[PDB]
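The data below hold one chain only, encoded as structure tokens and taken in the form deposited in one PDB entry.
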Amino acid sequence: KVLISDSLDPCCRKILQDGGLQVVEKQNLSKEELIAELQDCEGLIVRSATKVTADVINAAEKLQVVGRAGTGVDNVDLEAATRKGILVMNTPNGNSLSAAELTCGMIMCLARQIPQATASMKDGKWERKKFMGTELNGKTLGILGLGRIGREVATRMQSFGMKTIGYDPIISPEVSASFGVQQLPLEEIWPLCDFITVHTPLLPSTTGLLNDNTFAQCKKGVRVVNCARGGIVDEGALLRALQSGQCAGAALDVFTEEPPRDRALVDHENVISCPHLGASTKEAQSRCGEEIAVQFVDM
């Protein structure tokens, strides 16, 4: 028995039922209502609106698995789940293309300053000289993290003629070569790159992966994209690089603190940003419905 408590694609319920599970769909429930529905349930599927708090988890006696049809666990008390022996699942594949597409958009925006040009036009200005940009053809793109999103960015930007190099400690040079990315050690990467984009998880080993030492090994006027997680690019180092001109531009979808209380990066003229929109598409939201229902049916 599974409860679906948020508004999901009807393609989730079907698969569950084909797997041999009983389903109940229903949203916008109160705490009390939610706990009552769960009384006979070993499975719950949410997206963002349903708040799977310690209080709900502790009152739901038969529950063994909670699925979120998104990335992260923002609306789930992961710790209370673990005290109770409940497994928490996510959908590591459903968001990949939306995030890769944003990344590529960010790259193009940094080459040509579209978002600053738009702001200028809307202020009534006509600023030709100011927004002289860069042609991507023949430029080198460094891709750090060559998993699901990394390789999708690579084949897209190869169609603009960009040379794609990268680094990933787990993906073989043979696998990367099949999507046209030549692997090298980090220290050989930095000096080659006109653009660098990051697609790694956030771990102790990736916290400040770009920092003051790595920025000094980059080409003068490098442009940087972070559509992964806040913290992979050290934010103080990035502002220093933007102040000196070592970094000519940055695009940020994510921040160490969200919303970010320090505004100096966001306010810089050469920085473009979004409020963590990498998974913010109808299509990504729906693939996630399928992805999580299918894991539950395998379970």
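Heads up: residue numbers just count along the shown sequence, starting at 1. Throughout, rigid core stands for the largest set of C-alpha atoms superposing within 1.5 Å between the two forms.
Worksheet entry | 99-107 or 183-191, whichever carries the higher mean Cα B-factor | Between 99-107 and 183-191, it is 183-191 that shows the higher mean C-alpha B-factor.
Worksheet item: Per the entry, where is the mean C-alpha temperature factor higher: 68-76 or 210-218?
Response: Per the deposited B-factors, the answer is 68-76.
Discussion item. Quiz for you: based on the deposited Cα B-factor, which of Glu257, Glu61, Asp253, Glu269 is highest?
Written reply: Highest C-alpha B-factor among the listed options: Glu61.
Worksheet entry | Top residue by Cα temperature factor, when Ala237, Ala264, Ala36, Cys247 are compared in the entry | In the PDB entry, the greatest C-alpha B-factor among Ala237, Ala264, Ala36, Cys247 is found at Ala36.
Practice prompt. Would you mind ranking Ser48 by its C-alpha B-factor against the rest of the chain and naming the third, lowest, middle or highest?
Written response: Highest third - that is where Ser48 ends up once the chain's C-alpha B-factors are sorted.
Worksheet item: Is the Cα B-factor recorded for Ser172 in the lowest, middle or highest third of its chain?
Response: Tercile = middle for this residue's CA B-factor.
Discussion item. Can you tell me whether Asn90 has a C-alpha B-factor in the lowest, middle or highest third compared with the other modelled residues of the same chain?
Written reply: Highest third of the chain for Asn90's C-alpha B-factor.
Item to complete: Please place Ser273 in the lowest, middle or highest third of its chain by C-alpha B factor as given in the entry.
Response: Its C-alpha B-factor belongs to the lowest third of this chain's values.
Although it is not shown, the form deposited in another entry is what the next lines describe.
Practice prompt. After superposing the two forms on their rigid core, pick out the one entry in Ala248, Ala59, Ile272, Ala237 with a CA shift of 2 Å or more between this form and the one not shown.
Written response: The one that moves 2 Å or more is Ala59.
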